[PDB]
There are 4 protein chains.
Amino acid sequence: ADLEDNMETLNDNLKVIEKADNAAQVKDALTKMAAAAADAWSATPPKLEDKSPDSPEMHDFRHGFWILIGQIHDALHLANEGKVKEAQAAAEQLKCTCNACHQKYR
Amino acid sequence: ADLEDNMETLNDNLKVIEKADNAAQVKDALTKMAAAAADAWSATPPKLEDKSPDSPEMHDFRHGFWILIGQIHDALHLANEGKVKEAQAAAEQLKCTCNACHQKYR
Amino acid sequence: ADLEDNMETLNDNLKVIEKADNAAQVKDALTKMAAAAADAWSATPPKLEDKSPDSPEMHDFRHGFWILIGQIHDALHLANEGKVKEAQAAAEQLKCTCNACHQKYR
Amino acid sequence: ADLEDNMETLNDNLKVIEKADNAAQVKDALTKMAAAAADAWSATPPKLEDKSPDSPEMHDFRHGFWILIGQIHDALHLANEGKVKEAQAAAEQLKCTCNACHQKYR
Ligand code: HEM
Ligand code: HEM
Ligand code: HEM
Ligand code: HEM
Ligand SMILES: [Zn+2]
Ligand SMILES: [Zn+2]
Ligand SMILES: [Zn+2]
Ligand SMILES: [Zn+2]
């Protein structure tokens with residue numbers, strides 16, 4: 001659905017990964033994050049409402065999702081390999097991307 | 001919207017890139033493809049209708065979109081640098097990904 | 001060592017993947033390709049000997065190795081998950097990048 | 001050459017990026033970092049000397065370099081586009097990867 005709901009599922013599932021005991025829990029959480037990130041692709045954030053869909057800001061905004069999506073992808077492979085700690089570490093590294101976009105556009 | 005519509009916009013814009021004379025045309029077409037690929041993320045193809053969203057087939061199906069999205073991302077950077085020929089070559093390389101998914105799931 | 005030798009190991013191991021019966025064989029081959037691709041990074045091809053290391057051609061040449069390295073990395077994740085067929089398909093998709101560089105610079 | 005020398009050039013060039021006033025400076029520094037990261041690929045860190053090259057630790061160590069290499073690649077596209085501030089931000093995000101590997105293996 002909307003940007004806020006997608007952001008909520010990203011946040012909820014990042015916390016799930018942080019507290020996870022097994023690979024299945026991490027895999028499920030990352031799958032849901034992948035779907036939320038993909039669904040958020042086309043959203044226009046409130047702070048960029050006055051800007052063109054083709055503006056440098058909107059391109060940069062969408063670029064952040066490219067980065068997040070790529071990171072979720074790789075973290076899911078690590079989880080699929082049963083590498084819980086490695087996948088959790090990869091999910092922690094996702095935060096740098098979360099935080100970078102929030103700093104600019106939230 | 002639906003899978004078929006997203007595939008049409010992928011195909012339309014790939015052709016635009018092949019026939020393009022300037023970077024602006026390639027940039028615009030790749031941007032459209034990126035949106036279409038992200039929107040297609042969550043779709044269930046007709047041939048996998050009987051399968052679980054968590055089946056090996058559906059994970060592999062979605063994985064192909066991860067690959068496509070990554071390739072579109074890189075091609076847009078080359079287009080942004082004004083490297084028309086390089087971006088066109090990158091777009092041609094996308095076809096390997098198109099064809100690979102079609103052969104399995106179309 | 002030298003570009004030719006790295007290319008030999010890339011080609012040899014690609015063929016090993018094609019003929020492989022299990023994931024261990026694919027994993028081993030892809031690990032060898034990863035090392036060869038990384039070692040090839042800083043090589044200057046005969047056809048670009050007259051060009052500056054900072055030339056558009058040399059940047060483009062190195063870029064092709066980034067692409068190849070990224071694809072080997074993902075294919076190895078698939079092999080690590082025991083997805084032999086998927087990893088073999090991924091390795092087949094590597095050829096598009098092999099061929100693209102050879103057409104321009106070999 | 002050796003791991004320590006590669007780390008020095010990574011560190012020196014990261015600082016250059018942080019203090020840079022032009023895209024050319026950032027481009028040059030990122031190119032050097034890419035070469036150093038590629039060269040570090042096959043190194044065995046002192047803390048993993050008693051481990052097999054096929055150990056989980058060595059796989060994870062090498063994985064960190066793939067991640068770094070991917071991020072340097074993206075950052076260089078941004079610099080090539082003349083987006084100094086975006087490239088500098090991308091280089092800052094590299095630190096997350098530097099720091100993550102150091103915490104585990106330094
Ligand atoms: C896993 C990574 C991420 C997490 C955990 C996350 C989490 C959140 C949370 C909890 C909110 C607040 C929702 C609310 O109550 O209003 C939010 C808002 C927001 N996020 Fe993220 N986020 C992530 C990645 C990103 C990325 C990559 C972008 C941009 C590329 C982004 C852009 C935004 C924007 C623009 C808002 C404000 C939404 C609004 O006001 O409607 N986020 N995020
Ligand atoms: C740029 C690359 C691609 C192009 C140019 C392309 C093009 C097309 C076209 C023209 C159609 C027929 C649409 C119609 O009239 O019904 C189609 C269908 C389809 N494509 Fe793609 N495609 C691409 C990428 C992909 C990828 C990466 C996947 C899988 C991950 C995929 C999966 C499918 C499926 C499952 C259908 C069947 C849709 C249906 O019958 O309802 N495509 N594609
Ligand atoms: C997995 C894919 C690849 C395969 C199977 C492959 C295989 C080969 C083979 C069989 C040769 C000729 C044999 C030799 O002289 O050693 C060669 C040479 C060469 N390759 Fe590739 N290669 C691959 C990837 C690449 C990529 C991505 C690039 C560009 C970035 C590239 C650039 C070159 C160049 C410039 C030569 C000529 C070197 C010379 O003759 O001194 N190759 N490779
Ligand atoms: C751009 C990111 C990075 C920067 C700026 C950086 C910088 C440094 C510096 C300044 C040192 C101390 C000098 C030395 O003794 O080598 C060092 C050491 C080291 N780094 Fe990094 N590094 C980065 C990335 C990484 C990554 C990704 C890994 C692992 C995947 C890693 C593993 C190590 C190890 C094992 C040492 C200790 C080796 C030794 O000195 O005996 N570094 N790094
Ligand atoms: Zn990975
Ligand atoms: Zn690129
Ligand atoms: Zn993958
Ligand atoms: Zn990018």
Side-chain angles (χ1 to χ4, degrees), chain A residues 2-15 17 29-30 33-34 36-37 40-41 43-49 58 60-69 71-72 75 91-106, chain B residues 70-71 73-78 81 83 86-87 90, chain C residues 2-15 17 30 33 36-37 40-41 43-49 58-72 75 91-106, chain D residues 70 73-74 76-78 80:
Chain A
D2 69 11
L3 192 52
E4 182 173 348
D5 270 340
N6 282 321
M7 289 302 147
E8 282 308 329
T9 111
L10 289 169
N11 200 50
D12 287 0
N13 286 100
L14 193 49
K15 298 181 168 223
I17 293 163
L30 280 163
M33 294 183 78
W41 178 265
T44 304
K47 281 195 175 160
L48 301 189
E49 262 165 48
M58 282 308 292
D60 189 52
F61 184 78
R62 284 188 289 268
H63 186 270
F65 288 119
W66 263 324
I67 302 306
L68 194 75
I69 283 163
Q71 282 178 132
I72 284 155
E92 172 62 32
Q93 289 189 224
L94 296 179
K95 283 196 203 195
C96 304
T97 309
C98 310
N99 299 158
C101 185
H102 298 151
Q103 182 183 351
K104 271 197 147 197
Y105 304 112
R106 180 160 81 186
Chain B
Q71 286 173 137
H73 169 208
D74 198 73
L76 178 52
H77 276 316
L78 299 166
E81 295 172 3
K83 290 180 179 86
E86 292 89 326
Chain C
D2 54 41
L3 224 208
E4 166 162 338
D5 285 37
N6 287 317
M7 289 298 152
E8 294 277 71
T9 136
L10 296 182
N11 195 28
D12 277 53
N13 283 104
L14 198 61
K15 295 193 185 184
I17 293 159
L30 282 167
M33 296 178 56
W41 175 262
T44 303
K47 289 221 161 203
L48 308 178
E49 277 170 10
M58 273 316 290
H59 281 283
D60 190 51
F61 180 75
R62 292 186 299 256
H63 184 275
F65 282 124
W66 265 320
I67 298 179
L68 199 77
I69 290 167
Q71 282 173 135
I72 294 172
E92 179 73 30
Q93 279 194 68
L94 282 167
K95 286 178 190 173
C96 306
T97 126
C98 306
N99 293 175
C101 182
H102 293 156
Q103 283 197 63
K104 300 180 274 182
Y105 304 120
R106 201 192 62 200
Chain D
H73 168 209
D74 189 74
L76 182 64
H77 278 301
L78 291 166
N80 290 346

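So you know, we letter chains A, B, ... as the sequences are listed, proteins then strands, and number each from 1. Values below: all heavy atoms of this structure, side chains included; hydrogens, waters and symmetry mates excluded. Every number for a ligand or one of its atoms is a count from 1 in the order of the listing.
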Please identify which of these residues, A:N13, A:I67, A:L94, meets the side chain to side chain contact (heavy atoms under 4.5 Å, CB included) condition with A:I72. A:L94
Min N/O separation C:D5 to ligand 3 under 3.5 Å: no
The Zn ion (ligand 6) and B:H77: any N/O/S contact shorter than 2.8 Å? no
Start with the C-alpha distance between B:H77 and A:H63, add both sets of side-chain angles, then the distance that settles ring-ring contact (aromatic ring centres under 6.0 Å, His included), and finish with yes or no. CA-CA 10 Å; B:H77 276 316; A:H63 186 270; 5.0 Å; yes
Within the stated cut-off of 2.8 Å, is an N/O/S atom of C:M7 closer than that to atom 21 (Fe) of ligand 3? yes
Number the atoms of ligand 3 from 1 as they appear, then name those within less than 4.0 Å of a heavy atom of C:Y105, with their elements. 35 (C)
What protein heavy atom sits nearest atom 3 (C) of ligand 1, and how far away is it? A:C98 SG, 2.9 Å
Which atom pair, heavy atoms only, marks the closest approach of C:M58 to C:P45? SD-CD, 4.0 Å
Distance from atom 38 (C) of ligand 3 to nearest protein heavy atom, with residue and atom: C:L3 CD1, 3.8 Å
Nearest 0.5 Å, what's the SG-CD distance between A:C96 and A:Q71? 7.5 Å
Heavy atom of the protein closest to atom 21 (Fe) of ligand 3 (residue, atom name, distance): C:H102 NE2, 2.0 Å
Of all the heavy-atom pairs spanning A:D2 and A:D5, show the shortest one and how long it is. OD1-N, 2.8 Å
Check B:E86 against C:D60 and note the closest heavy-atom contact, atom names and distance. CG-OD1, 4.0 Å
Please determine which of C:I69, C:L14, C:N6, C:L68 meets the side chain to side chain contact (heavy atoms under 4.5 Å, CB included) test together with C:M33. C:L14
Between atom CG of C:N99 and atom NZ of C:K104, what is the distance when rounded to the nearest 0.5 Å? 11.5 Å
With D:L76 as partner, the option from D:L78, D:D74, D:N80 fulfilling side chain to side chain contact (heavy atoms under 4.5 Å, CB included) is D:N80
If you have a sec, work out which protein heavy atom is nearest atom 15 (O) of ligand 1 and how many Å separate them, to one decimal? A:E8 OE2, 3.3 Å
Mark the output for C:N11 as yes if a heavy-atom distance to ligand 3 is under 4.0 Å, and as no if none is. yes
Between D:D74 and the Zn ion (ligand 6), is there a contact where an N/O/S atom of the residue lies under 2.8 Å from the metal? no
From A:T97 OG1 over to A:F65 CZ, what is the distance, rounded to the nearest 0.5 angstrom? 11.0 Å
For the 3.5 Å polar cut-off, considering only N or O atoms, please tell me whether C:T97 and ligand 3 meet it. no
Roughly how far, to the nearest 0.5 Å, is the CZ atom of A:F61 from the CH2 atom of A:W41? 10.0 Å
Tell me the protein heavy atom at minimum distance from atom 31 (C) of ligand 3, and give that distance in Å. C:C101 SG, 3.3 Å
Name the option, out of A:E4, A:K47, A:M33, A:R106, that contains the heavy atom nearest to atom 11 (C) of ligand 1. A:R106
Are any of the heavy atoms in A:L94 under 4.0 Å away from ligand 1? no
Within ligand 1, which atoms have a heavy atom of A:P46 less than 4.0 Å away? 39 (C), 40 (O), 41 (O)
Determine, counting only non-hydrogen atoms of the protein, whether one lies under 4.0 angstrom from atom 35 (C) of ligand 3. yes
Which of the numbered atoms in ligand 1 are below 4.0 angstrom from a heavy atom of A:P45? 35 (C)
Closest N/O/S atom of C:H63 to the Zn ion (ligand 6), by atom name? NE2
